[PDB]
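Everything on this sheet refers to the single structure shown next.
Here's what the structure looks like:
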């Protein structure tokens, strides 16, 4: 090979991409389509979809309901956080003779 | 000693033959021109690989191996499990008895 | 056929003479001639030529689409200040425009669409009280907020609910 | 100007431009 | 759901058509995009279709399965360049991905078990078919016999739970609680082998090495997480007994994490060192799972998601040096900064993801896991510091010795890096930093 | 970066950022004023990363 | 940038600054033991003189393999990679 | 305007504030349609104690309102902590005196959160907190308050 | 050409097996030295130099591989990782023993901790009183 | 291509001890005139001692090795460009066959250099066939 062969490279001496090693047509089509289905679909349009995803978890609703509840609980003034799951008068506790020897856990 | 110089000379002749083999095989233009990547075939690299992989075939349950497997693996596992169980039982009896207050207990996840 | 090596056979050329310790233990004069020929071959007289196919393949059409008007700005200033002094003022025009665009976008975002009580994921800005010295308006000054609801409101006090 | 022996960086630049 | 399952079922006839290798990964990334779209999930089961439904843990695991299989078709171009059986490889990958989607979207314990032990046969087929080693028979037999030996009595445990309760659904079985030792051992030890312990690991470093690249992706990417998903489904009704017997497994997992992290400093293979590296991080996952906290469960789910990407991305990096330098030996792999300098970006970006890294989801999984284990006992601060120090003591060794230093003499000429490989290691790292954004998705499954 | 020095680009960029940060630091000493902005990532057990 | 004539001038300058070597008897092909009267420790002094002059380290085998100033010129020109 | 630095900062603030206010009131504020979005309100389904053991319809609904009440109470504790943080920033030298009622309210909130949802684990059903409340009220009946128990 | 072909074999009980194993590992018979017959110890593999690491070996020797400092077909040591150039190797042998270094360091540390924590309540002070801060209940006086 | 032989003579041993002793003396004494004075003192110490026999020379050589090990400097002076120095092998030159794996459009930037390389390839393959073929 001489100087003018390297100065103007032949179009038949083509360096392949990673996808196919038989013909140049299958390299370009698979390269452009694989970059289409990963970058501009799964990473950009999918991330744009996940940015404007609605409240699947209710974390925004939890913050709004927490702000409204802290507005209304300190107005009543009973408890900012309620310690009891149900009302202590509504729950019917068993008697000491009813329990006997049962493991009370605290 | 005169026996040392003959041994060193024989080792140098063997090293010279292996060096000539390496200079023949490392700059091979045909093996470079095949295009498939690889390395010059070194025996000691394959011996090191099979030394690192296969080791059960030279293993026997002796007292030295039992002492190594006891003091290296089983004893720190046993001491760590005993320490964790003792600390958790000592904290759990204080938690279940009621010796700690509600607002004075560590790790409330709050 | 796909040629990864450009159609020529890849091989080493300089041989065992690339190592400094193999150069010193002994040289045949054919190896001296080969090393001298390799060192005369490794020198370059002129620089690399501007291959347009590398610039064509290494630039997507979107890059040319968003770099065309600044390229026109650099080309219209090309005979005035030369190539080196016009590419500098071209490169520090678009980058200054990008910096001012980022500054204006960040200013608009942090003072018009900051985090409020209806959203968790925004940037929640908390500011401290400015120091008041005499010569300012209202030097006898206490804390304006005193209620627990005024602290960390995030715009809850102007809620329609 | 001695010519430095560097590996090929065409594929990385083409990957960057395609990305 | 049924859309993804019928999509893969009608993608099955793509294998029998000639010159159809690259369209299947295109349609797999398209159905991964569609699965990115269907994200209306909360902590309970949604999109209930017959016996198939999905919650947030199942959503993240199916999305990880689809991403790992879509990159698994992208990594294996050696199957496409040779005339190795592309149709059988594509059929095995589609069948295995369908079985993983079916065992993760299972509403009940039994269908989870059935597709869970159906999944090991295509992994067996990939290991004994497409590997490049004489010890593939030692690789697949260890895996199958370990998992089968510990998973057969789990079936007796599963029907004992069915006979005591009546149902197979996860929610109705969450109500009940059992106080039996042997039921706990049956329903736990199969997952305790399926994720790596210290004592039961053996199938892992002798099945990762002798497999193909695709066996390495499917083993370190999603099939160390079948056991994690199984323990996340089983631990809810075995709380009293695991609180009695969890100190043994947590102590064994922590000391084994320290010891296996000491093993990797004495490893001379790239593919074996990542194989033992999967043992150390899943030891932290196992130690944080049995504390039953909110933070332990959430950080375990986050670290399994963030580990299935990074370990698979490290296993792609050891493949692209094995294809060119001809061996997986660590002595041969030296100075690849001067051979492939553009690859060294992805080596350090995926080796840093194996340790604590600033933008990755692995740190957010590791922070939320060390919280629960330090909260569990104060004695664990001694050995979590040693384990998390030794983790980057060994993980920096693989990047340092493979990607820095003098070059290995006597290496023949190989090809340069390719755009497919740069794209393959691009999609193993940009999910790791794009998922800290919307991280309440991939963490709060409860 | 082509036809130019990346060191010169980084030099001019970091002098501009250093001058901006210095002129911001002089404004924050006149008022003794502290700002603290917060970006939520994930919230659980009333604890926010 | 060096030359063979320059390195030859370096070697003859250092060997003619040695007071135990007569500059009339000194030559590029002169042997260090048979032609010139030098001790076994004098050649080590010459070797460390060339080390301090040329700014590298000469090993002991390459110290004992040098017997002429032209050998020192050939050893320096091979290490510092000049032939013209 | 009383300092060269203050005048320079005022000029920089005016140059910053001008074009963005022009872009909002000139472009963003016109052509924006008016729509109404609402805060979601949930009715109170009866809890885990007012239904039978064999019914799984009540267990799902009471578990869902227990999860919702957990997220709301977590936001109560989070807002009460952010109030203390804003007290610390706004009252920068004198944070010792003013932030004490807020810190006491936050500590009471943490204590009540650990009463209700404390030590439940990762799998906290609505029935688990109810049985914890039953055992806590029994231990309060027979052993007094926890912290001085026998 | 695999791991099952080239591998360490059984231990050389007899001398002819030792000669065959020495010729197998490209080592002269006098150099070859197998390991012990214990449970941990390898069989048939040579015991190479465990004296000091790769940095002790001659860097001026012309090696076939300048990295790892070894020639072609030379048997790699079994603990090549521990005795590598990177970790736990010295170019020259150390001047002192291993315990002298730690002994001097913890001796200086124990002396400094002891002499500091003995003098922790003998801090000096200027001829100065307590700093007077104004209180609404307690008043203070000047000297004029 | 003379590979060095591993046997070391007794005169080579005492020459290496003399070289290492003067290198340690240069490390200890930084000023050149004081180092020259101490070097002449050490040369006189060697020159009063070279007339002894072989076994006494071997024993006193071992004693001198022990003395030089005892007086060894903690930071010995070494040349930076040589092996073991402060800046040895700071850059690593890859072999030239990676130049054969360039793109042809990247090969077009140095066409005279690549044509000379392709000319030199035939000379190298005939030289390799002459040498090892």
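Residue numbers (the authors' numbering), protein chains in the order written: chain BM, 45 to 150; chain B4, 4 to 113; chain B6, 5 to 165; chain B5, 44 to 62; chain 4, 1 to 446; chain 5, 1 to 49; chain AC, 69 to 152; chain BL, 4 to 153; chain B8, 31 to 174; chain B9, 2 to 134. Think of the CB as a built atom: it goes at the ideal place given N, C-alpha and C, for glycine as much as any other residue.
**Item:** residue 71 (chain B8) versus residue 413 (chain 4): straight-line alpha-carbon distance, rounded
**Value:** Reading the ninth chain from its first residue, position 41 is the one you call residue 71 (chain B8). Reading the fifth chain from its first residue, position 413 is the one you call residue 413 (chain 4). Approximately 39 Å, taken between the alpha carbons.
**Message:** Tell me whether the segment 248-263 of chain 4 and the segment 84-99 of chain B4 touch, counting them as touching only if at least three CB pairs, one residue from each stretch, are closer than 8 Å.
**Reply:** Touching, per the Cβ criterion.
**Request:** Count the C-beta pairs between the segment 225-239 of chain 4 and the segment 187-197 of chain 4 that are closer than 8 Å, then say yes if the count reaches three, no if not.
**Result:** yes
**Message:** I need the DSSP call for residue 85 (chain BM), collapsed to helix, strand or coil.
**Reply:** For the purposes of this step, residue 85 (chain BM) is taken as residue 41 along the first chain, with counting starting at 1. The answer is coil: DSSP assigns residue 85 (chain BM) none of H, G, I, E or B.
**Message:** To the nearest angstrom, how far is the alpha carbon of residue 125 (chain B8) from that of residue 104 (chain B4)?
**Reply:** By 1-based counting over the ninth chain, the position of residue 125 (chain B8) is 95. By 1-based counting over the second chain, the position of residue 104 (chain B4) is 101. So the two alpha carbons sit approximately 60 Å from each other.
**Message:** Would residue 315 (chain 4) and residue 216 (chain 4) qualify as a contact pair, given that the criterion is a beta-carbon distance under 9 Å?
**Reply:** Walking along the fifth chain from the start, residue 315 (chain 4) turns up at place 315. Walking along the fifth chain from the start, residue 216 (chain 4) turns up at place 216. For residue 315 (chain 4) and residue 216 (chain 4), yes; Cβs fall inside 9 Å.
**Touching by the beta-carbon criterion (3+ pairs, under 8 Å), the segment 384-391 of chain 4 and the segment 302-319 of chain 4** = no
**Request:** Determine the DSSP secondary structure at residue 90 (chain BL), reduced to helix, strand or coil.
**Result:** If you number the eighth chain from 1, residue 90 (chain BL) lands on position 87. In the structure shown, residue 90 (chain BL) sits in a helix (DSSP, three-state: H, G or I).
**Request:** Return the residues of the segment 21-45 of chain BL that lie within a Cβ-Cβ distance of less than 8 Å from chain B6, sorted by chain order.
**Result:** So the close ones are 22, 23, 26, 27, 42.
**Request:** Thinking residue 146 (chain AC) and residue 28 (chain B6) are a contact (beta carbons under 8 Å), I'd like their distance in whole angstroms, please.
**Result:** For the purposes of this step, residue 146 (chain AC) is taken as the residue at position 78 of the seventh chain. For the purposes of this step, residue 28 (chain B6) is taken as the residue at position 24 of the third chain. Yes, residue 146 (chain AC) and residue 28 (chain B6) are in contact; Cβ-Cβ is about 6 Å, under 8 Å.
**Message:** Helix, strand or coil for residue 107 (chain BM)? Go by DSSP, reduced to three states.
**Reply:** For the purposes of this step, residue 107 (chain BM) is taken as residue 63 along the first chain, with counting starting at 1. Helix.
**Message:** Please report the distance separating the alpha-carbon of residue 126 (chain BL) from that of residue 244 (chain 4).
**Reply:** Stepping through the eighth chain from its first residue, residue 126 (chain BL) is reached at position 123. Stepping through the fifth chain from its first residue, residue 244 (chain 4) is reached at position 244. Taking the straight line joining both Cα atoms gives about 17 Å.
**Item:** Cβ neighbours of residue 38 (chain 4) in the same chain (closer than 8 Å, five flanking residues each side left out)
**Value:** Mapped onto the fifth chain, residue 38 (chain 4) falls at position 38. Contacts found: 1, 3, 47.
**Item:** Pick from 74 (chain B6), 58 (chain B6), 42 (chain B6), 41 (chain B6) that is closest to residue 100 (chain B6), judged by C-alpha positions
**Value:** Position 96 of the third chain, counted from the start, is the residue given in the question as residue 100 (chain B6). Checking every option, the nearest Cα to that of residue 100 (chain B6) belongs to 74 (chain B6).
**Message:** I'd like the list of long-range same chain contacts for residue 97 (chain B6), defined as Cβ closer than 8 Å, with 5 residues on each side in sequence excluded.
**Reply:** For the purposes of this step, residue 97 (chain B6) is identified with residue 93 of the third chain, where counting begins at 1. For residue 97 (chain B6), where only same-chain residues beyond five positions count, the Cβ hits under 8 Å are 74, 77.
**Request:** Use the C-beta contact count for residue 77 (chain 4): other C-beta atoms within 10 angstroms, 16 or more gives buried, fewer gives exposed.
**Result:** By one-based count along the fifth chain, residue 77 (chain 4) stands at place 77. It is buried - the Cβ of residue 77 (chain 4) has at least 16 other Cβ atoms within 10 Å.
**Request:** State the beta-bridge partners of residue 4 (chain 4) as determined by DSSP.
**Result:** As a first step, residue 4 (chain 4) is located in the fifth chain; it is residue number 4 there, counting from the start. Looking at the DSSP assignment, residue 4 (chain 4) forms no beta bridge with any residue, so it has no partner.
**Prompt:** Quick one: what does DSSP say residue 47 (chain 5) is sitting in, helix, strand or coil?
**Reply:** The sequence position of residue 47 (chain 5) within the sixth chain is 47, counting from 1. Residue 47 (chain 5) falls in the strand class under three-state DSSP.
**Message:** Just to confirm the assignment, what range does the beta strand (DSSP E) spanning residue 129 (chain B6) have?
**Reply:** Position 125 of the third chain holds residue 129 (chain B6). Segment 127-131, the beta strand (DSSP E) holding residue 129 (chain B6).
**Asked** For residue 148 (chain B8), which three-state DSSP category applies?
**Response** Counting from one through the ninth chain, the residue named residue 148 (chain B8) turns up at place 118. Here residue 148 (chain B8) sits in helix by DSSP.
**Request:** Report the rounded CA-to-CA distance for residue 338 (chain 4) versus residue 48 (chain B5), giving the unit in angstroms.
**Result:** Position 338 of the fifth chain, counted from the start, is the residue given in the question as residue 338 (chain 4). Position 5 of the fourth chain, counted from the start, is the residue given in the question as residue 48 (chain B5). C-alpha separation (whole angstroms): 10 Å.
**Request:** Check residue 445 (chain 4) in the structure and name its three-state DSSP category.
**Result:** Taking the fifth chain and counting its residues from 1, the one referred to as residue 445 (chain 4) is at position 445. Looking at residue 445 (chain 4) - three-state DSSP - the assignment turns out to be coil, as it is neither helix nor strand.
**Prompt:** Residues of chain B6 with a CB under 8 Å from the CB of residue 103 (chain AC): which are they?
**Reply:** Here residue 103 (chain AC) corresponds to residue number 35 of the seventh chain, with the count starting at 1. Those do not exist, as residue 103 (chain AC) stays about 23 Å from chain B6 at its closest Cβ, beyond 8 Å.
**Prompt:** Which class does residue 10 (chain 4) belong to by DSSP, given the choice of helix, strand or coil?
**Reply:** As a position in the fifth chain, residue 10 (chain 4) is number 10, starting the count at 1. Residue 10 (chain 4) falls in the helix class under three-state DSSP.
**Asked** Going along chain 4, which residues have a C-beta under 8 Å from residue 8 (chain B6)?
**Response** In the third chain, the residue the question calls residue 8 (chain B6) occupies position 4. Residues of chain 4 passing the Cβ test: 415, 416.
**Message:** Nearest by alpha-carbon distance to residue 423 (chain 4): which of 92 (chain BM), 67 (chain BM), 77 (chain BM) is it?
**Reply:** Mapped onto the fifth chain, residue 423 (chain 4) falls at position 423. It is 77 (chain BM).
**Request:** Tell me the start and end of each unbroken alpha helix (DSSP H) in the segment 75-131 of chain BL that is at least 4 residues and wholly inside, in chain order.
**Result:** 98-101, 103-119
**Asked** Comparing alpha-carbon positions, which option in 115 (chain AC), 125 (chain AC), 71 (chain AC) lies nearest residue 137 (chain AC)?
**Response** Counting from 1 along the seventh chain, the entry for residue 137 (chain AC) is found at position 69. Residue 137 (chain AC) has its Cα closest to that of 115 (chain AC), out of 115 (chain AC), 125 (chain AC), 71 (chain AC).
**Request:** Starting from the N-terminal side, write out each stretch of the beta strand (DSSP E) that is 3 residues or longer and does not extend beyond the segment 43-72 of chain BL.
**Result:** The qualifying runs do not exist here; there are none.
**Request:** Return the first residue and the last residue of the beta strand (DSSP E) that residue 36 (chain 5) is part of.
**Result:** Here residue 36 (chain 5) is taken as the residue at index 36 of the sixth chain, counted from 1. First-last of the beta strand (DSSP E) with residue 36 (chain 5): 35-39.
**Request:** Determine the closest residue to residue 288 (chain 4) out of 106 (chain 4), 178 (chain 4), 370 (chain 4), 187 (chain 4), with distance taken between C-alpha atoms.
**Result:** Numbered from its first residue, the fifth chain carries residue 288 (chain 4) at position 288. Among 106 (chain 4), 178 (chain 4), 370 (chain 4), 187 (chain 4), the Cα nearest to that of residue 288 (chain 4) belongs to 370 (chain 4).
**Asked** For a contact meaning CB atoms closer than 8 Å, what does residue 245 (chain 4) contact in chain BL?
**Response** Residue mapping note: residue 245 (chain 4) aligns to position 245 of the fifth chain, counting from 1. Correct list: empty, because the minimum Cβ distance to chain BL is about 16 Å.
**Prompt:** DSSP state of residue 148 (chain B6), grouped into three classes?
**Reply:** Translated into positions along the third chain, residue 148 (chain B6) becomes position 144. Coil.
**Message:** Can you tell me whether residue 121 (chain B6) is buried or exposed? The criterion is at least 16 other CB atoms within 10 Å of its CB, across all chains shown.
**Reply:** For the purposes of this step, residue 121 (chain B6) is taken as the residue at position 117 of the third chain. Classification for residue 121 (chain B6): buried.
**Asked** Using the beta-carbon count (16 or more within 10 Å), is residue 148 (chain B6) buried or exposed?
**Response** On the third chain, residue 148 (chain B6) is found 144 positions in, with the first residue counted as 1. Its Cβ having fewer than 16 others within 10 Å, residue 148 (chain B6) is exposed.
**Prompt:** Which one or two residues does DSSP pair with residue 54 (chain 4) in a beta bridge?
**Reply:** Counted from its first residue, the fifth chain places residue 54 (chain 4) at position 54. According to DSSP, residue 54 (chain 4) bridges with 46 (chain 4).
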